[PDB]
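Heads up: the sequence shown runs through residues 31 to 428, 431 to 801, numbered per the authors' numbering. Beta carbons are placed, not taken as given, at the ideal position from N, Cα and C, and that holds for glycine. First up is the structure itself, then whatever we jot down about it.
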Amino acid sequence: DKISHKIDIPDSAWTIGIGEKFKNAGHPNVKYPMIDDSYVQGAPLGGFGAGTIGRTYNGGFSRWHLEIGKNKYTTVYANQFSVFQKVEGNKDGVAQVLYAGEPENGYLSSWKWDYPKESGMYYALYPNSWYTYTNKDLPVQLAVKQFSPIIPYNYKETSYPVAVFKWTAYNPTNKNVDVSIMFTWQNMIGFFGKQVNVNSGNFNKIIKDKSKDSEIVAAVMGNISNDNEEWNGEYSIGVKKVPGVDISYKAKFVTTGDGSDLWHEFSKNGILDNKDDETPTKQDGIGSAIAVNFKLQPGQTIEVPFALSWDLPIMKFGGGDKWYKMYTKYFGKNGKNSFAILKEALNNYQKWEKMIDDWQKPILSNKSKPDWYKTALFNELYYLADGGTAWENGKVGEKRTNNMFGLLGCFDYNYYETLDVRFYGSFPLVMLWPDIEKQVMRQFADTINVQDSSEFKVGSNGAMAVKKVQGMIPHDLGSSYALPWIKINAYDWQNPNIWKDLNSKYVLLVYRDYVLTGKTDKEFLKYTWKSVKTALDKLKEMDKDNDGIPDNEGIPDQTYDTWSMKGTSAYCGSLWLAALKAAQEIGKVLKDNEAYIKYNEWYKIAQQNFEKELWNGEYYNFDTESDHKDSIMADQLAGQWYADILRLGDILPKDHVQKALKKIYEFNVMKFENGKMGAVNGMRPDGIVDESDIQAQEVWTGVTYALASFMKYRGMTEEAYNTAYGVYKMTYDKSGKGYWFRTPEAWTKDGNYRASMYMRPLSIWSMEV
Ligand SMILES: OC[C@H]1O[C@@H](O[C@H]2[C@H](O)[C@@H](O)[C@H](O[C@H]3[C@H](O)[C@@H](O)[C@H](O)O[C@@H]3CO)O[C@@H]2CO)[C@H](O)[C@@H](O)[C@@H]1O
Ligand SMILES: [Ca+2]
């Protein structure tokens, strides 16, 4: 490996061998069907709301999130980079697809598949990833850096449906070598969204943009139809000329054939026919190829940028609504703009690399923090783009000031902005994209007094319940299978209108978003103030025994939605105390004296009673009335955690908080698989895991990272990082369960999982406050 020194991969990048087999991988631990796409994954390409494309460590374009809200795992075999090399003085060269695998059937059988093991590495530090190719039959060593311009405090480039591939080639040998690099792409119009005739009318054109000291050659893969539909638009691939390289191309090869129409050209001398051909296809799949060829002398290095764009302007949800994607603000809505997007990327990628370095540097250059923590911190952010992210620039047919946004809680439970989850998972948005975060919270504010009296069947018990009650915060803002932003509370496993955490979490989210953006945005507090008061006042009515605290009803009426709470719970009770304190503070800021006084009175009664009812000498009891009321809950002081972040002070005595955190570390972490797997949710005082429900026996990745944050602010530095380390280990390490780029909600002691690709572990960013 002589290529690594010619590029700059950070030491904290997650790494794996190209073609590496992983033997320890986990699988779903539930009885019902659940997504399991294997450990063959990688860092996604594509901006927020653009649709994303997962290119795996093996080289394949395999995890398709282009249909917004859907996850489709299938390798499109025509989508590859290939290499040709010929040593000066040999008769023949060699050609190889840079993919550690081969197709399942006979399409593209002529290509050279099965890139060999032990011949290259994959590296990821989101939003960048890299592949190196150090192969004994390839005398020139190659590497590529691939990325999309995901940039904090930037709402423009961050939205683009574009990827850059910056290639570096180096000749360490003592002979001249001819090298070609070829990008192939299938015209994927009709891959989704088209009910019949899936390739019909697809056609490919070549654009040569020559303008002084710039040459771009690109393929635009579109359809003859000008229909404005979810399925229609363009894909583009291309390359920018640099000194010392020639460009060649082929507009049309057949993907549903043996591939030899292209491969016979590339395998001879790495130079394509330059055959333009705009003939549309009927039933056959088609694609395009863009290639560079160059001669490398001994010791010579060259850099060449390629790019990929996709202009699919319309997203459609299962309920029938069609919206424009955010990026259409910058490029247009007509679906004929893939080349403009590609050209912007090819002409500006160096600036974008620097912008990315500028935001990663403060963390990467802090040598008090271990590399493993940086690996997790950056790579967990994959989910902001990969979580079915929806970001609208108008409904099709209909202009507003704001652009509505939604991130899925996960794919198995397909709900937007699941609020009990975003309490943990929204930290990256408030810290790095606060205008999106405040938009999402205004979306929730607007729903507070919505009433929907129609009834749905509650999944857990079969009872009928009202869809949406006035004054109760919704569980979510809809499903991608239905109508995001329009029909809320798609979730139906329990009735969220009787949940005891949603209304408090909502208030705490609101005050967080003011505090973490500088305590300046009074207009945001004003917009949300009525909803905050309404939310707290409605939750107070759920206090059954006049102790000043809402009563859990002996059912799972909160985020742990199979784990029953009854009476005063540590979890919902602490959240209530914190929410009251936040509302007092907002009352002072806005000069609402009667609110300050009311919430101050409620707070002091509830605080007293919380302490009397739950404090046992060592920790706070799980609740006042359940069968395992004395279980040690990992999340027992969630309200005090948020109070620390919000700078609201002590809601409970410092001494008791410290004792409770130490107990949690001693029990829920250290007595669960030797503290190498996170914090198990429920432990009995005898040190055996609580067996009252599956969720008690699960480690929750986002709860664990948030508990790490809490420990860190309380000066328990070693405990904090050791607690977090088990999550990192299980997710990324060779000794873990293979969950890189699909961090789940939960695992049990055997390491098997529930709900891969989950929002909650984005809470690792609470460790950076
Ligand atoms: O909907 C989201 C919630 O899902 C919960 O899992 C439940 C499944 O949604 C549900 O389909 C499954 O149904 C069981 C059913 O209860 C049982 O009687 C029958 O015999 O088998 C069905 C599955 O084959 O129940 C599970 C609960 O066990 C998650 O637990 C929850 O966290 C999530 O929000
Ligand atoms: Ca009560």
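Look at residue i and residue j and say whether their C-beta atoms are less than 7 Å apart.
| i | j | result |
| --- | --- | --- |
| residue 477 | residue 560 | yes |
| residue 356 | residue 189 | yes |
| residue 429 | residue 267 | What the structure lacks is residue 429: the chain is numbered 428, then 431, with the residues between left out. |
| residue 792 | residue 494 | no |
| residue 738 | residue 674 | no |
| residue 571 | residue 582 | yes |
| residue 253 | residue 232 | yes |
| residue 497 | residue 527 | yes |
| residue 748 | residue 731 | no |
| residue 115 | residue 70 | no |
| residue 439 | residue 417 | yes |
| residue 85 | residue 91 | yes |
| residue 672 | residue 683 | yes |
| residue 147 | residue 49 | yes |
| residue 599 | residue 655 | yes |
| residue 727 | residue 780 | no |
| residue 769 | residue 317 | no |
| residue 290 | residue 125 | no |
Within 10 angstroms of its Cβ, does residue i collect 16 or more other Cβ (buried), or is it exposed?
| i | result |
| --- | --- |
| residue 613 | buried |
| residue 666 | buried |
| residue 109 | buried |
| residue 633 | exposed |
| residue 700 | buried |
| residue 60 | exposed |
| residue 118 | exposed |
| residue 227 | exposed |
| residue 244 | exposed |
| residue 755 | buried |
| residue 649 | exposed |
| residue 432 | exposed |
| residue 640 | exposed |
In angstroms with no decimal places, state the Cα-to-Cα distance between residue i and residue j.
| i | j | result |
| --- | --- | --- |
| residue 140 | residue 293 | 7 Å |
| residue 524 | residue 281 | 50 Å |
| residue 501 | residue 384 | 49 Å |
| residue 193 | residue 584 | 48 Å |
| residue 421 | residue 263 | 18 Å |
| residue 31 | residue 164 | 6 Å |
| residue 176 | residue 160 | 6 Å |
| residue 481 | residue 134 | 54 Å |
| residue 9 | residue 410 | Absent from the model: residue 9. The displayed extent of the chain is 31 to 801, so no value can be given. |
| residue 429 | residue 775 | In the model as presented, the chain runs from 428 straight to 431, which leaves residue 429 without coordinates. |
| residue 617 | residue 681 | 12 Å |
| residue 460 | residue 799 | 11 Å |
| residue 363 | residue 374 | 17 Å |
| residue 392 | residue 379 | 21 Å |
| residue 635 | residue 569 | 13 Å |
| residue 331 | residue 209 | 12 Å |
| residue 174 | residue 658 | 57 Å |
| residue 451 | residue 234 | 44 Å |
| residue 486 | residue 521 | 12 Å |
Identify whether residue i lies in helix, strand or coil by the three-state DSSP scheme.
| i | result |
| --- | --- |
| residue 692 | helix |
| residue 676 | helix |
| residue 473 | helix |
| residue 152 | strand |
| residue 175 | strand |
| residue 55 | coil |
| residue 561 | helix |
| residue 778 | strand |
| residue 637 | helix |
| residue 376 | helix |
| residue 530 | helix |
| residue 697 | helix |
| residue 395 | coil |
| residue 430 | Position 428 is followed directly by 431 in the chain, which means residue 430 is not present among the coordinates. |
Which full runs of the beta strand (DSSP E) of 3+ residues lie inside the segment 213-281, going along the chain? Runs found: 232-240, 245-253 and 264-270.
Completely contained beta strand (DSSP E) runs for the segment 304-351, where each covers 3 or more residues: Listed in chain order, they are 316-326, 331-341 and 344-346.
Kindly provide the ranges of any beta strand (DSSP E) runs that are 3 or more residues long and lie completely inside the segment 438-524, ordered along the chain. Annotation: the segment 438-524 contains the following complete segments of the beta strand (DSSP E) (minimum length 3 residues), in chain order: 484-489 and 496-500.
3 or more residues per run - each beta strand (DSSP E) lying fully within the segment 594-618: Listed in chain order, the complete beta strand (DSSP E) runs (minimum 3 residues) inside the segment 594-618 are 597-599.
3 or more residues per run - each beta strand (DSSP E) lying fully within the segment 106-171: Every beta strand (DSSP E) of 3 residues or more that sits fully in the segment 106-171 is shown, in chain order, as 110-117, 124-127, 150-155 and 158-163.
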